[PDB]
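Engineer: Chains as they are written, first to last, in PDB author numbering: chain A, -4 to 70, 78 to 231; chain A', -4 to 70, 78 to 231; chain P, 382 to 393; chain P', 382 to 393. A prime marks a further copy of an entry chain.
Cβ coordinates follow ideal geometry from the N, Cα and C atoms, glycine included.
Mind looking over this structure? Questions follow.
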Amino acid sequence: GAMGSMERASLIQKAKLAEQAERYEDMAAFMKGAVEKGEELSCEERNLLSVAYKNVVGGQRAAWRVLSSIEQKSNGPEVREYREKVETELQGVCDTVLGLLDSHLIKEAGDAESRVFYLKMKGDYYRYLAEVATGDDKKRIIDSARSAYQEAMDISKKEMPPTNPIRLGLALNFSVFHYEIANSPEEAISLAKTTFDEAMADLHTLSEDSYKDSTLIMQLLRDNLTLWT
Amino acid sequence: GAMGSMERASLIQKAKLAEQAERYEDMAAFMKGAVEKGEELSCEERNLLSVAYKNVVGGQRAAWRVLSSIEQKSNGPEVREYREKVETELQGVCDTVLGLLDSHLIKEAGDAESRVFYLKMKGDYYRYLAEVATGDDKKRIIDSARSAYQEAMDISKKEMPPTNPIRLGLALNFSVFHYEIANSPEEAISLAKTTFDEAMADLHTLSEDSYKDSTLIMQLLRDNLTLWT
Amino acid sequence: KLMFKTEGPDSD
Amino acid sequence: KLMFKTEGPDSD
Ligand SMILES: *CCC(=O)Nc1cccc(-c2csc(C(=N)N)c2)c1
Ligand SMILES: *CCC(=O)Nc1cccc(-c2csc(C(=N)N)c2)c1
């Protein structure tokens, strides 16, 4: 692509600069260029990739929800056309992230920290597709999200402690997938409770900084449980 | 352009939808398409054009300032290259707005409300160019901003009451142009004081709603004077 | 729509 | 940089 001529280190440096400047579309393009160099990503670089696309897709989701709400209230073709435009752009961003994961981030990820990270991302971007999907397409997209989250959960349970922030963020997202995508609120509440309780019991093993990292995500599980129960 | 096939009314409707969705780049593209239909803009449509590009250029200015600050602290080519990338994009947005004003919004604007509005925009987008300009280019850009603000001020003083929100927003912006672009802080303070005092004396003529509109901008003149004196 | 807590930047 | 008050959306 357009980043083919730039050094991998220069693309990482510019991704960090774009983050400081709140230029998330540029940040995502720099990280897509870094991934396409073909080398595996470090933990910081995986985080840069994820923060970039999360901010990009976040703006699209927030816009899509405003438009869908106006369209539902209206039920001229303009509202539908514009909601479709934003939807197609959101789908394009998800297909881009999923394409990076499939070519070839996941297959080259052998360590649990990298493999769980990428599989959780795969679950998340299929979940964003499911938020805008309708009918049969929706069913298959939902199963793809479920499959990626499930594989990530299996690895996380075997290879990481229950306080691992990656394991905690995965369980949090899989719980929200269950609650509002899979229409399995009981599964969602069960997963959030078990995850919170198993992390609580392992907090005594952590340093002051690791404790802060784990408790931050546990508070998210608690916020959801408060609204669900 | 890409909006050539869409109805003018459809472009205005989609600009309003994009505003609700906080999709300002889309809002600007819809309004650029509406202007290029060749018809004059109503007051609401002029406001849609201005809010769209102000939000777009605002993100670019905020990013440019973060990058310029990092570059100055660093004094590798990456910081300079990326600050240049954002700068060129900001300059492109200003050239786009200035091109719409010059082809042919200003020449077709005969009423004071439309003519002052467009000339103030011309002043503002040359001011945004001046914020990033260096040396001799900077001098000519500064004179172009000054010339547009001056022509807008002359018309506003002759054709609008001192509480007119367009007249007030023009004087506010021209005052900031004087303070930090033209390095004329005394001119800035004089203009802000006179404008505030002349509007204060005309408030008694206004309805409850017009009073709210005028006092909102007068508070901005006061905020600047508080920091300047 | 009421959005539940998910991992990372709350960008929506 | 300290930015002074200007007309419309404070988008920067
Ligand atoms: C997995 C190990 C780890 O967290 N390593 C690491 C090192 C340095 C910086 C980061 C990091 C996390 S989020 C972030 C960002 N938004 N720029 C950077 C991670
Ligand atoms: C000059 C007369 C005037 O203000 N007319 C008018 C009518 C309806 C709506 C607006 C307006 C101002 S800002 C705005 C927006 N951000 N969408 C819309 C103005």
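In the region 38 to 53 of chain A', which residues sit with their C-beta less than 7 Å from some C-beta in chain P', listed in chain order?
Structural biologist: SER45, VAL46, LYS49, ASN50, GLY53
Engineer: Enumerate in chain order the residues of its own chain whose CB-to-CB distance from A':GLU40 is below 7 Å, with the five nearest sequence positions on each side excluded.
Structural biologist: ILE7, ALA29
Engineer: Is the shortest distance between the beta-carbon of A:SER5 and the beta-carbons of chain A' less than 9 Å?
Structural biologist: yes
Engineer: So which residues on chain P does A:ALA57 lean against when the C-beta distance must stay under 7 Å?
Structural biologist: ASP393
Engineer: Ordered along the chain, which non-local residues of its own chain (more than five positions away) have a Cβ less than 7 Å from that of A:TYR213?
Structural biologist: In its chain, beyond the 5 residues on either side, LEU205 have a beta carbon closer than 7 Å to the beta carbon of A:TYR213.
Engineer: Alpha carbon to alpha carbon, how far is A':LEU43 from A:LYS68? Give it in angstroms, no decimals.
Structural biologist: Going from the Cα of A:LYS68 to the Cα of A':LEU43 covers about 23 Å.
Engineer: What do you reckon, is the C-beta of A':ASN42 under 8 Å from a heavy atom of ligand 2?
Structural biologist: yes
Engineer: Under 8 Å, with one C-beta from each stretch per pair, do the region 114 to 123 of chain A and the region 145 to 157 of chain A reach the 3-pair mark?
Structural biologist: yes
Engineer: Closest Cβ-Cβ distance between A':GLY78 and chain A: below 9 Å?
Structural biologist: At least one CB of chain A lies nearer than 9 Å to the CB of A':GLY78.
Engineer: Could you tell me whether any Cβ in chain A' is nearer than 9 Å to the Cβ of A:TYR84?
Structural biologist: yes
Engineer: Beta-carbon within less than 7 Å of A:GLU161's beta-carbon, same chain only, minus the 5 sequence neighbours each way: which residues are those?
Structural biologist: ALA114
Engineer: A:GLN8 touches chain A' at which residues, Cβ-Cβ below 9 Å?
Structural biologist: Near A:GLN8 (Cβ distances below 9 Å), the residues of chain A' are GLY78, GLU80, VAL81, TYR84.
Engineer: At a cut-off of 8 Å, is A':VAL99 close to ligand 1 when judged by its beta-carbon and the heavy atoms of the ligand?
Structural biologist: No, since every heavy atom of ligand 1 falls outside the 8 Å radius drawn around the Cβ of A':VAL99.
Engineer: Give a yes or no on whether the minimum CB-CB distance between A:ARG129 and chain A' is below 9 Å.
Structural biologist: no
Engineer: Leaving aside the five residues before and after A':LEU227 along the sequence, list all residues of the same chain whose C-beta is less than 6 Å from its C-beta, in chain order.
Structural biologist: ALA194
Engineer: Residues in its own chain within less than 7 Å of A:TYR127 by CB, not counting five upstream and five downstream?
Structural biologist: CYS96, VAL99, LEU100
Engineer: Under a CB-based cut-off of 9 Å, is A:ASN175 close to chain P?
Structural biologist: yes
Engineer: Does DSSP put A:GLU110 in a helix, a strand or coil?
Structural biologist: coil
Engineer: Step through the CB atoms of chain A and report whether any lies within less than 9 Å of the CB of residue 234 of chain A'.
Structural biologist: In the structure as shown, chain A' starts at -4 and stops at 231, and residue 234 of chain A' therefore has no counterpart that could be examined.
Engineer: So, with DSSP's three-state summary, where would you put A:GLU14?
Structural biologist: helix
Engineer: By alpha-carbon positions, which one of A:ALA135, A:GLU2, A:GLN55 ends up nearest to P:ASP391?
Structural biologist: Of the listed residues, the one whose Cα sits closest to P:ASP391 is A:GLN55.
Engineer: On the DSSP letters alone, give me the boundaries of the alpha helix (DSSP H) that residue 73 of chain A' sits inside.
Structural biologist: Here chain A' breaks off after 70 and picks up again at 78, leaving residue 73 of chain A' without coordinates.
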